[PDB]
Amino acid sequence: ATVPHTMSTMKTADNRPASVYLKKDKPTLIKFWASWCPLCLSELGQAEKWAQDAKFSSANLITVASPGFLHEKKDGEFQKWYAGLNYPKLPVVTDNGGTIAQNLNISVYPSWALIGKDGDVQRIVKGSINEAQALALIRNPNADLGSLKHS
């Protein structure tokens, strides 16, 4: 199954269907993270800004937390913890057991994946990316991100 097909059986942290975020004819930029990673937590406000920014409007920007996977809080526990944080414009898909992360061989956080508009995985990046690297990826999945590492 493609990533969007898999995700279309999933809810967000507020219980709505994840599928509402997966707009057609747009690539999807996905940030994988966990509650136990303080770098990831420090970057939630950043991702929320991007998701709301017109520069990112050509892509779907979503994040995935994976209850019960890699020592993430269990299903229910995760959402209760996350409800104390305040990022109301950030989509957080909850993938119980980390199905998509396992399919994509994601083992470190944060990591990012770029899914094409046809649902195919185009790029996986281990670790953090900056706003310029994220914009470069939504424009060209084969962008050279290293040339912007020290920007």
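Note that residue numbering begins at 1 and tracks the sequence as displayed.
- For the pair 130 to 138 and 17 to 25, the mean Cα B-factor is higher in 17 to 25.
- The residue among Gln52, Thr63, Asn60, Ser42 whose C-alpha atom has the highest B-factor in the PDB entry is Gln52.
- For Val121, the recorded CA temperature factor ranks within the middle third of the chain's modelled residues.
- Among all modelled residues in this chain, the alpha-carbon of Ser107 has a temperature factor (C-alpha) in the highest third.
- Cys37: CA B factor lies in the middle third for its chain, per the PDB record.
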